[PDB]
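Here you get one chain, nothing else, as structure tokens; it is the form deposited in one PDB entry.
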């Protein structure tokens, strides 16, 4: 009856109840999956969030820049799900770009050290999670990451755009590796959803030129989307991720599914 009945799925990237990952975890549980959750840094605060999910799920610590956490991750997961059991799904819902690389800060003023950190967390980590977790994934399994279409430049998103372009490229290579295990790798390119991350970008630009341009982006998304776009509601995005975690897109890999109201298909 549930789309993900019987599946064991790791979900990274819960930080608040608004997190795309929170809604992915919620719909997944609603659809019969057994979750393992990972969180970064503020674990006590994240546990308060995860308590509001429909079911209990273990929360493991994962800083994707921490080599020890990556090296121990498989064993920690196996310990949570029981020896002899493997994962069927992995969700990377993780991003970061130091403030110099996003927002009102001029593009040319982001030092490489900041850019490099953002690319580590937002792009390279997709590879390093796959490297850690493919060895405990079942054939038929699915790795999904989150993307924002970086095909064209835009105001404010700046070096995160560059990180997403790298992420898309990384995904195409992770698919080559994943396929050796019978595993798909794909991204969901979402339209804008009011998360802590989105709020940070918007809020940090209020009152500035970039904020005027972000306003235009926000207005235009729903306008261009043939079926509309509601920026409050992560459910449609979460459902799409669940579709890729299911067995119903079995010939799709190294690819990008756009959960954006169809906006990217319309010039206006």
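Think of the rigid core as the biggest set of C-alphas that the two forms share within 1.5 Å after superposition. Only residues modelled in both forms are compared. Positions refer to the first chain, counted from 1.
Not on display, but discussed next: the form deposited in another entry.
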**Request:** Choose, among 225, 217, 243, 231, the residue with a C-alpha displacement of 2 Å or more between the shown form and the other one when the rigid core is used for superposition.
**Result:** 217
**Message:** Tell me whether residue 61 is among the residues that move between the shown form and the other one (Cα shift of 2 angstroms or more, core superposed).
**Reply:** no
**Rigid-core frame, C-alpha of residue 45, shift of 2 angstroms or more between the shown form and the other one** = no
**Request:** With both forms fitted on the core, give yes or no for whether the Cα of residue 208 moves by 2 angstroms or more between the shown form and the other one.
**Result:** yes
**Fill in**
The CA atoms of residue 194 and residue 209 move 3 Å or more in the other form, ending up closer
**Prompt:** Closer or farther apart in the other form, the C-alpha atoms of residue 152 and residue 212, for a change of 3 Å or more?
**Reply:** farther
**Moved runs of 3+ residues, each with a C-alpha displacement of 2 angstroms or more between the shown form and the other one on the rigid core** = 206 to 219
